[PDB]
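J.: piece number one of the complex, untouched:
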Amino acid sequence: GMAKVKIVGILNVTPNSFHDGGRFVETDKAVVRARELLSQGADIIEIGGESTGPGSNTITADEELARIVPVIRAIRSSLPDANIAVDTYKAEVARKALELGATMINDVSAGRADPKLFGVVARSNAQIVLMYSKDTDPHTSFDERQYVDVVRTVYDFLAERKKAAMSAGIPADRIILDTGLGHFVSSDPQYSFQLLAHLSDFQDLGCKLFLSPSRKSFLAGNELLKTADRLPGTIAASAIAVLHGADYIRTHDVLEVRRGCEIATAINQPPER
């Protein structure tokens, strides 16, 4: 029987008032959202303290740890079975995250931002998700980047990042590959669609596949739909991704995306003979 896709629930820690204090309130609400993520069917709770999309702000390592360290401590204290991923590109944030018990590190830079992040992951058993980004900056930008063949560019990029991660001590069975979607690839939505169509081409690299459509820009369509109207598109994009080899789906709509991806897994399942 074909195994299910693992749903990665998103849990971003963004302070209400970015002044001093009031973080105890923000930690309490983050545990509430994490419990609802689990109750909707999420297999992994991805805690991140720094947004990396276009228009996002760069935050220091001290501020990043100030946001996620209380959250990880609270979740692993009351929900010790829940597997936790941490969305970070700093080696210092990853080190403290792995000490607390995080089992996965999502690096939007694919180890490029902090040269010491690869080794910190290697000295553990944590898995790492290398995502393709059109920019060296982990904070992607609004740019209608064009490609002669986006599939070859992303394939060759992830191939050399996997080699760089293996040379740092991370085995291939602990490396997860993310072709990137939306603005990370291009503000031209055609290239996110082409990557979804040829997702199975990346399985030759021998690593589990990680994708996050999650109401991104490329799901706007001809109607120029905004975020509130992208749920049908993100269900279809995530389902077709699972049909084309995606092992992880990172989304904000855990309940609906899991139920849609469950249909894709059932379509991929041959009969019981």
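T.: That came through fine. Residues are numbered from 1 along each chain as shown, chains lettered A, B, ... in the order given.
J.: okay, CA-based contacts and neighbour counts for the rest of this
T.: Fine.
J.: ok, now how distant is residue A:230 from residue A:269?
T.: Separation of residue A:230 from residue A:269 (C-alpha to C-alpha, to the nearest Å): 27 Å.
J.: if you could redo that for residue A:241, that was the one I meant.
T.: Separation of residue A:241 from residue A:269 (C-alpha to C-alpha): 15 Å.
J.: who has more neighbours, these two?
T.: Counting neighbours by other C-alpha atoms under 10 Å for residue A:241 and for residue A:269 shows that residue A:241 has the greater number, 27 against 13.
J.: give me the element the more buried one is part of.
T.: Residue A:241 belongs to helix A:231-243 when assigned by DSSP states H and E.
J.: same check on residue A:176?
T.: Residue A:176 belongs to strand A:175-178 when assigned by DSSP H and E.
J.: so the next helix or strand after that strand versus helix A:231-243, what angle?
T.: Counting by DSSP H and E, the next helix or strand C-terminal to strand A:175-178 is helix A:190-197. Angle, helix A:190-197 to helix A:231-243, by axes from the mean of the first three to the mean of the last three C-alpha atoms, to 10 degrees: 40 degrees.
J.: distance from the helix or strand just after helix A:190-197 to the middle of the chain?
T.: Remark: after helix A:190-197, the chain's next helix or strand is strand A:208-211, criterion DSSP H and E. Put simply, strand A:208-211 sits 9 Å off its chain's centre (C-alpha atoms, centre = their mean, to the nearest Å).
J.: what helices or strands is strand A:208-211 leaning on?
T.: Under the contact definition 3 or more C-alpha pairs under 8 Å, 6 or more residues apart in numbering; DSSP states H and E, strand A:208-211 sits against strand A:175-178, strand A:248-251.
J.: tell me which of those strands lies nearest to residue A:32.
T.: Smallest distance to residue A:32 across the helices and strands packed on strand A:208-211 (C-alpha to C-alpha): 17.3 Å, for strand A:248-251.
J.: residues near the residue nearest to residue A:255 when sequence neighbours are not counted, how many?
T.: Residue nearest to residue A:255 in three dimensions, not counting chain neighbours: residue A:40, with 4.8 Å by C-alpha to C-alpha, 6 or more residues apart in numbering. Neighbour count of residue A:40, defined by other C-alpha under 10 Å: 18.
J.: if we can go back for a sec, just checking, what packs against the strand holding residue A:176?
T.: Here strand A:175-178 touches strand A:127-131, helix A:150-167, strand A:208-211, going by 3+ C-alpha pairs under 8 Å, 6+ apart.
J.: can you list these in CSV and add distance to residue A:111 and mean neighbour count?
T.: Below are these laid out as CSV (distance: least, C-alpha to C-alpha, whole Å; neighbours: other C-alpha atoms under 10 Å):
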stretch, distance to residue A:111, mean neighbour count
strand A:127-131, 7, 25
helix A:150-167, 8, 18
strand A:208-211, 16, 24
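J.: give me the distance between residue A:169 and residue A:103.
T.: If you measure residue A:169 against residue A:103 using C-alpha to C-alpha, the figure is 16 Å.
J.: these two: which has the busier surroundings?
T.: It is residue A:103, of residue A:169 and residue A:103, that has more neighbours when counted by other C-alpha under 10 Å, with 20 against 16.
J.: check contacts around the residue nearest to the more buried one when sequence neighbours are not counted.
T.: Once flanking residues are discounted, residue A:103 sits nearest to residue A:126: 4.6 Å by C-alpha to C-alpha, 6+ apart. When contacts are counted by C-alpha atoms under 8 Å, 6 or more residues apart in numbering, residue A:126 touches A:98, A:102, A:103, A:104, A:105, A:174.
J.: what comes up buried for stretch A:222-238?
T.: Neighbour counts using 16 or more other C-alpha atoms under 10 Å place A:230, A:231, A:233, A:234, A:235, A:236, A:237, A:238 of stretch A:222-238 among the buried residues.
J.: also, this goes in as chain B:
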Amino acid sequence: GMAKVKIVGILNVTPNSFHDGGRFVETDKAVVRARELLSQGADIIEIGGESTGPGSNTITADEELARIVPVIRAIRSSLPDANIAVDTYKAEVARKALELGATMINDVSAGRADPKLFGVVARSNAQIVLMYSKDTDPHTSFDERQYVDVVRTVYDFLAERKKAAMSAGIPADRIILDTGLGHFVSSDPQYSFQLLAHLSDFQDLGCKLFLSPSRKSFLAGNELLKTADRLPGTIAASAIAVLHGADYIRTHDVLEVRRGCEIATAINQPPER
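T.: Adding chain B to the chains above:
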């Protein structure tokens, strides 16, 4: 550029009180639903007066025409551009439907229930949709029918129904094939999934493909979801169907299914070179 999938909006005419009178009220509401179907993006309005799923009731031809004849007359009077399909298996209902201006006839029996339906369609330019059904009765039944290979059984069935429709005078470019889904195939949901997986195998028959996941039984999943919770599953099933060759998608959720299927069409679209 790859053409879009044509969304078929469902419009069932079921009397409120099945007594005498009050049909003028039911005709007025049916035009309202038809306008909303068009405004959500439906390309065809499918008007049917007889449900054919399990537990449905068999109605006479006089009653069937009593329900749909005022509806078709009202829609084609105020919305003369709207293309109209009629869900019927009776040659008499199809004849009156084609005279009023219907451009498509959806026959759940694939011409088996009324031997004269094929010829009535042939004396017109209307397209016909032949759907596979496990039962000779157009009203399908609750039955966990098993198959050695459901794909071969449905393929050979549609192949001989197409030959029977061509021998009756209907050209191949006016024949649309529906493998059937849900209870029409089997109350065992595995076979609807296997048909979706191998939908592209039916393109060898040389006809446009017609599918209607539309919150059927097989989308219940392990959670045993009921109809209200099947919208994510029906978006994923319809999108994967379009990815696998479906030219028509018949649904109740026109707005969401069209937006999800639009993502599938964009994934199927190769770059502009």
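J.: same question on the buried residues of stretch A:222-238, but now with chain B added
T.: By 16 or more other C-alpha atoms under 10 Å in any protein chain shown, the buried positions in stretch A:222-238 come out as A:225, A:229, A:230, A:231, A:232, A:233, A:234, A:235, A:236, A:237, A:238.
J.: now do the lengthiest strand in chain A and helix A:231-243, the angle between them.
T.: Assignment by DSSP state E gives strand A:6-12 as the longest strand of chain A. For strand A:6-12 against helix A:231-243, the angle by the same axes, to 10 degrees is 140 degrees.
J.: ok, strand A:6-12: who's next to it in the sheet?
T.: Sheet pairing for strand A:6-12, assigned by DSSP bridges, gives strand A:44-48 (parallel), strand A:248-251 (parallel).
J.: can I get those strands in CSV with mean neighbour count?
T.: Below are those laid out as CSV (neighbours: other C-alpha atoms under 10 Å in any protein chain shown):
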stretch, mean neighbour count
strand A:44-48, 24
strand A:248-251, 24
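J.: I'd like those strands as CSV, with distance to residue B:20 appended.
T.: Formatted as CSV, those follow (distance: least, C-alpha to C-alpha, whole Å):
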stretch, distance to residue B:20
strand A:44-48, 59
strand A:248-251, 52
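J.: of those, which is nearest residue A:197?
T.: Shortest separation from residue A:197 across the strands paired with strand A:6-12 is recorded for strand A:248-251, at 15.8 Å, computed as C-alpha to C-alpha.
J.: just give me how far the very next helix or strand once past that closest one sits from the chain centre.
T.: Counting by DSSP H and E, the element after strand A:248-251 in chain order, helix or strand, is helix A:254-268. Centre-to-centre, helix A:254-268 and its host chain are 18 Å apart (C-alpha atoms, centre = their mean).
J.: by contact count, what packs against helix A:254-268?
T.: strand A:6-12, helix A:23-40, helix A:231-243, helix B:190-197, helix B:231-243 (3 or more C-alpha pairs under 8 Å, 6 or more residues apart in numbering or on different chains; DSSP states H and E).
J.: is it possible to get TSV of those that adds distance to residue A:151?
T.: As requested, those are arranged in TSV below (distance: least, C-alpha to C-alpha, whole Å):
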stretch	distance to residue A:151
strand A:6-12	24
helix A:23-40	33
helix A:231-243	15
helix B:190-197	25
helix B:231-243	19
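J.: of these, give the one that comes closest to residue A:137.
T.: strand A:6-12 (19.9 Å).
J.: between helix A:254-268 and that closest one, find me the angle.
T.: Going by the same axes, to 10 degrees, strand A:6-12 makes 160 degrees with helix A:254-268.
J.: give me the contact list for strand A:6-12.
T.: A:30, A:33-34, A:37-38, A:41-51, A:247-254, A:258 (C-alpha atoms under 8 Å, 6 or more residues apart in numbering or on different chains).
J.: which residues sit against the helix holding residue A:241?
T.: Taking C-alpha under 8 Å, 6+ apart as the rule, helix A:231-243 contacts A:5, A:196, A:199, A:211-215, A:219, A:249, A:253, A:256-257, A:260-265, A:267-268, B:232, B:235-236, B:239-240, B:256-257, B:259-264.
J.: tell me the contacts of whatever residue of the stretch 51-200 of chain A ends up closest to chain B?
T.: Going by C-alpha to the nearest C-alpha, chain B is nearest to residue A:193 of the stretch 51-200 of chain A, at 4.8 Å. Residue A:193 makes contacts with A:218, B:266, B:267, as judged by C-alpha under 8 Å, 6+ apart.
J.: just the buried residues of the residues you listed.
T.: Among the contacts of residue A:193, the ones that count as buried by 16+ other C-alpha under 10 Å are A:218, B:266, B:267.
J.: quick one: the first one and residue A:184 touch, right?
T.: No: contact criterion C-alpha atoms under 8 Å: residue A:218 and residue A:184 do not qualify, at 10.7 Å.
J.: get me the contact residues on the stretch 101-250 of chain A for chain B.
T.: Applying C-alpha under 8 Å from any C-alpha of the partner chain, we find that the stretch 101-250 of chain A lies next to chain B at A:190, A:193-194, A:196-197, A:219, A:221, A:232-237, A:239-240.
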